């Protein structure tokens, strides 16, 4: 039994924290939003994969200083608040705790590492999951859920890193989730970028969810062209993606229930979009490697313009 801290309990942190708690883990949730609703009513999950689950009462906190020291810290906040997140992580971390960033984008761990003690293990978890907040304290899980974990930084030699990644994967597999130990975290992040870069931004720009985007020949063609830009950029930066990865991802999204990506909800509620991690960082890495992504570049420009308007 591990003591798990969830720093940022949105849809992502709520889902994985509840799943771990239901597998018998000791999970402590840090709430910045919905603290009293959740500490009242608890945490509920409607899931087309796992059925209905409820956590009540929940070990809930409004302040990281009140949390007990945790051996694993799952970070489910958006990448936009990661700077402000570091003191909360340090406060809740037991000595040698493992920090797992259940976050999308590129370069996330690298930008957080300067703010975390080198005695902490820093890992990324790429979640392929259709999940969003419903009513307060209610998580709506539509499909998937698997987590690809990888190691970024920490006081672990090269054998120990593989061991720690497996320990993390086993946590999720023990909870009934698909989980894979990745050899290369950056390669894993490029894999997830091929999905988030087209679908997150186009859902905002075209005011659409996955099903209309895939039913229309023109948006389907645009999504595939953007995918090939990310695949190319990754190759230019030294990362091989699997053969025919674009059709592989396109087919999974046709199978996918009609889904609004997180960035769609962010723009719908006036929250800041995750542009820095999902677009700016890959574009800069692609530029430094001499590789141009014209469609992604223009999509990023369009999203920055939309964010600056009324």
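Residue numbers count along the first chain shown, from 1. If you superpose the two forms and keep the largest set of C-alpha atoms that fall within 1.5 Å, you have the rigid core.
The higher RMS C-alpha distance to the shown form in 4 other deposited structures of this protein, out of 277-285 and 238-246, belongs to 238-246, with every structure fitted on the core. Root-mean-square C-alpha deviation from the shown form, taken over all structures in 4 other deposited structures of this protein superposed by the rigid core, is larger for 301-309 than for the alternative among 301-309 and 4-12. Looking at 191-199 and 129-137 together, the entry lists the larger mean B-factor for 129-137, computed on C-alpha atoms. The mean Cα B-factor in the deposited entry runs higher for 153-161 than for the other of 100-108 and 153-161.
The residue among 145, 95, 176, 168 whose C-alpha carries the highest B-factor in the deposited model is 176. As recorded in the PDB entry, 250 shows the highest C-alpha B-factor of the residues 49, 45, 275, 250. Per-chain ranking of the deposited C-alpha B factor places residue 237 in the highest third.
The deposited CA B-factor of residue 117 belongs to the middle third of values across its chain. Residue 84: CA B factor lies in the highest third for its chain, per the PDB record. Per the deposited record, the Cα B-factor of residue 282 falls in the lowest third when ranked against the other modelled residues of its chain. Looking at the C-alpha B-factors along this chain, the one for residue 263 belongs to the middle third.
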